[PDB]
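Down below is the structure, laid out as C-alpha cells.
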Amino acid sequence: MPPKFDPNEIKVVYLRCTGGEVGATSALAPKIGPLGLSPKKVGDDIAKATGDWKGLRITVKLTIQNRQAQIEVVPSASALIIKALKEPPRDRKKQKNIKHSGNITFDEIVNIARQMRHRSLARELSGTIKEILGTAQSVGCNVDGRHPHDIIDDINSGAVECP
Amino acid sequence: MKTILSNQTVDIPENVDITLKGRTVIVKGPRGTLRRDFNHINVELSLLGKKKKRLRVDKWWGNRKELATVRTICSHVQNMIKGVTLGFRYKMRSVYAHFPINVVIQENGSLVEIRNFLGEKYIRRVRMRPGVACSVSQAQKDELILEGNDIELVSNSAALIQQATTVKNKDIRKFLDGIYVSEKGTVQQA
Amino acid sequence: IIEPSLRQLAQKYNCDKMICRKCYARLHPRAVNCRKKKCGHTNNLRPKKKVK
Amino acid sequence: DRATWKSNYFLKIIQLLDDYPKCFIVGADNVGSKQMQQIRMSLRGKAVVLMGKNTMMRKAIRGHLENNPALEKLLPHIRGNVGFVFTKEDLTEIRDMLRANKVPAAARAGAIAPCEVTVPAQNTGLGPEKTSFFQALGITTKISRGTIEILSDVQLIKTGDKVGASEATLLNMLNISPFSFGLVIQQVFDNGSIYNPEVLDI
RNA sequence: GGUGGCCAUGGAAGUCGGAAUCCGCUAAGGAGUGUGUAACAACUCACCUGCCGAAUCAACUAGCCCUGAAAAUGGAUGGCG
Ligand SMILES: [Mg+2]
Ligand SMILES: [Zn+2]
C-alpha cells in the first residue's frame, strides 16, 4: 500500500454487523470490498455457510481479506451471546412479540460467556466482569429465580479459578 | 453602600517616565510620548513609587458605579506604556470569493484605497487618525498592517476600514467579503 | 473559493452572534442580556441562524 | 458526593504512603483514558498507579501523624500534574527501563532540553525540490535521481538554545524525533532519598 | 472503555424519539448536554484534572429608575425651571 499501490500478501481486516440470512438486496459490503478484488455475490453467499447453522439474530462479522478470499468468522459480542443464551430461537415472521421476552437464567453460561470474552475487557479476574456483563441485561434478568439487581452485590464463585 | 477606599497600583517599567500634571498623565519612552487627560473621572493619581516605580490610583468615598472606574484608568495607562515601549500592530486580512479586494495606500498611511469590493465601481477611501501609519504588508497575500502607539487611534482606524467594507441588501451569512481585523498584536515582542 | 481559516474569521464577525428575540439587535456570543434600552435588556436571546 | 467520599480518598493515599516505601512520581501531561487502561494491565503484576489532584499536598497530614519526618522533601514536587506509582517488587531500574514505551516526540518550538540534535547525512525521501526548509537555514543539498539528499552534516541546534518554528517543523517532517521527557518519569523517592534524572539514577 | 449497548434500521454505535440504566479504567467521563452527521467522525459540554490565590455562587423578594407606553389647532408638576 504505502507509496505506489503495492499489495504485498493481502491480509486486511474489515468488520460488519446486521446478519439476516445474508443480504443480497443489491447490497453487501461495498465501498470497501469492490476495490480489493472481492465480489458482491459469491463472497456474500459464502458468508452464509459460515454465519449460519443457527446464526439468524443480529451478528457481528469479521471478514479477513486474502487475495480474493473472504474468511467469514462470527466473532461473538457481549450482548449477542446473551441474546443467544435466550430460550432458543424463534427467528422471524411471528416472533411478533418482539424482543423483550426475557427469562433464561444463564447461571454458569454467563461464566462461559465471560470466559469467551477474548482479551476485550482488560479485566479484573472475573470478580467484576461477572457484574459487568451481568448488569448489561435487559432480556434475561437472572439465574433461575432471582434478579440481576442483587447479583451486583455479592458473587460467590469463579474469583480464584479464573486467574 | 459607599466603599471607603479602593485603589490599584500600576507597575511602571524602567524604560518609561510617567509624570502627572495633577490628573493628566504624560508617558514618554523609546518610541514617543503619549498623553491622556482624566478630568472627567475624579480620582487621585499618586506617583508614590520612588526613582519612578508606581502610578497608584485611589478613588475614595465612592459607590459601586465609580469603583469600576478605578481599574479602567489603570488599564488605560498600561495600554499607554505598552504602546510607547512596543507599539501596537493590528493586522487585518482581506476575504473574498471572486472579486479580489485591491488595497493601496496613498500618502504614508492616511489614505487606504479599496477597489473592486464585490465588483463595485465606487472606490472607497479611508482616512487614518493622526499618528497611525497604515502599510501594505508582505509575507502574506491579502493583508494590511496598522501600526502606531495609541490603541485608541489604531483600533478605530482598523474599524474605520472594517466598517467601510460592508455589504448591503445581501445575506452576509453567505457573502463573507471584506477586510477584517485578524490579529491584535504588537510591533516589538520582547 | 474561500480558504477555511479565512472563512471562519469573517464568520466570527458576521455569524456566531446572539440576537434579541425582542428587538432583533445583534450581540456577541456570550450575551445573556441585550444592550438596547428599547427592549429592556430582555435576556430572551437566541443564536443567529446558521446559513444552510 | 465529596463530603464522605473526599474523606475516603484521604484513607487510600495514607495507606500507600506507609505500606509501600517505594514511590514513583510520574508526569502525564499528554494521556488518554484508553492509554492508561493498557498501562495498568501491562504493569498489573507489579505496580499500582495512583492519580489524584491538588489534594496530593496531603503528605503533611500523614507527616502530621507524629511519625514521619522525611516527607518534607516530597513538598517541592507536588505541583504541575503529579501522580504516584507505588510498587512492592521494584528492585531497581530494571523495571523502570521496561516502562519507557513509544511516547513524545513532536518536538514543539520553544523547547530547550535534551541534547545536541543531529541529522545524519542520509537521503530524506520527501518529494521533489522541497528545499525551502533547507534553503531558509542553509545546508548543502542535491537532487539525486528523484529524491533529495544532504551531502554534508553538522549539529542543527545545541544544548540550551531555543528551537525556532521553521527548524522544528522540518525535524518533524524528517521523522527525527527529539525533545521530550513526557509520560515517563519525573522524580523518584526511595527511603527518604532524592533521585535526580541527570543520569545516575537508573 | 465493557459497546454498532438496547429499542428502534429510515438512520440513533451517547445523541430524530423512548423503556431507560449499570460496571470496568476509575482521577474522570453521563451507555450522555448539545453542535451536528443519513450514521459517524470531528468538535464540545457534564465529570475530572493542570495553572493561579479568597471570597464566590444560585434562587427568590422588594424600593427607586427603564421597558411594556400609539392621536390628531402648539402645550402644559399652574409657570418658570
Ligand atoms: Mg434580496
Ligand atoms: Zn434587544
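Chains as they are written, first to last, in the numbering used here: chain A, 33 to 195; chain L, 118 to 307; chain X, 17 to 68; chain C, 1276 to 1477. Quick reminder that beta carbons are idealized off the backbone N, C-alpha and C, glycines included.
query                                                                                                                                : result
Chain L contact residues for X:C31, given Cβ-Cβ distances below 9 Å                                                                  : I289, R290, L293
Chain L contact for X:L25 (CB, 9 Å cutoff)                                                                                           : yes
Burial state of A:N174, where buried means 16 or more other Cβ atoms lie within 10 Å                                                 : buried
N-terminal and C-terminal residue of the beta strand (DSSP E) that X:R23 is part of                                                  : Not the beta strand (DSSP E): X:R23 falls in the alpha helix (DSSP H), residues 20 to 30.
Cutoff 9 Å: L:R206 Cβ touching any chain X Cβ                                                                                        : no
Proximity test, L:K287 beta-carbon vs ligand 1 heavy atom, cut-off 8 Å                                                               : yes
Pair within 9 Å by beta-carbon distance, C:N1356 and C:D1436                                                                         : no
Distance cut-off 8 Å: A:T57 Cβ against heavy atoms of ligand 2                                                                       : no
Alpha-carbon to alpha-carbon, A:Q147 and A:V192                                                                                      : 14 Å
Distance CB(A:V171)-CB(A:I114) smaller than 9 Å                                                                                      : yes
L:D175 - partner residues in DSSP beta bridges                                                                                       : L:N124, L:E161
Whether C:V1394 touches C:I1451 by CB criterion (9 Å)                                                                                : yes
Check whether residue 15 of chain X and L:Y297 have beta carbons under 9 Å apart                                                     : Given a span of 17 to 68 for chain X in the structure shown, any question on residue 15 of chain X remains unanswerable.
Residues that L:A250 bridges to, as DSSP identifies them                                                                             : L:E264
Buried or exposed by the 16-neighbour rule on C-beta atoms within 10 Å, applied to L:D267                                            : buried
Proximity of L:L164 and L:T120 at Cβ, strictly below 9 Å                                                                             : no
Beta bridge counterpart(s) of X:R51 as assigned by DSSP                                                                              : X:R51 is not bridged to any residue.
Cβ-based neighbour list, L:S299, same chain, cut-off 6 Å, excluding 5 preceding and 5 following                                      : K208, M209, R210
Same chain, Cβ closer than 6 Å to A:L94, five either side skipped, listed in chain order                                             : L47, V105, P107
Proximal residues to L:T282 (C-beta, below 6 Å), its chain only, five neighbours per side dropped                                    : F234, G295, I296
Within chain X, partners of L:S299 - CB distance below 9 Å                                                                           : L22, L25
Identified DSSP bridge partners for C:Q1462                                                                                          : C:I1300
Any chain X beta carbon closer than 9 Å to L:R210                                                                                    : yes
Coarse secondary structure for L:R241, derived from DSSP in three states                                                             : strand
Neighbourhood of L:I262 by C-beta distance below 7 Å, restricted to the same chain and skipping five residues each side              : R206, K208, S252, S254
Ligand 2 site residues, beta-carbon cut 6 Å against heavy atoms                                                                      : X:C36, X:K38, X:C39, X:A41, X:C50, X:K52, X:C55, X:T58
Residue range of the unbroken alpha helix (DSSP H) whose run includes C:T1367                                                        : Note, C:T1367: premise wrong, no alpha helix (DSSP H); not H, not E.
Touching by the beta-carbon criterion (3+ pairs, under 8 Å), the segment 125 to 136 of chain L and the segment 184 to 194 of chain L : yes
Interface partners of L:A214 on chain X, CB under 7 Å                                                                                : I17, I18
Whole-angstrom distance between A:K43 and L:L293, CA atom to CA atom                                                                 : 49 Å
Exposed unless 16 or more other CB atoms sit within 10 angstroms - verdict on A:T57                                                  : exposed
Check whether C:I1289 and C:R1333 have beta carbons under 9 Å apart                                                                  : yes
A:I96, DSSP secondary structure in three states                                                                                      : strand
Contact list for X:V67 against chain L, beta-carbon separation under 8 Å                                                             : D288, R290, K291
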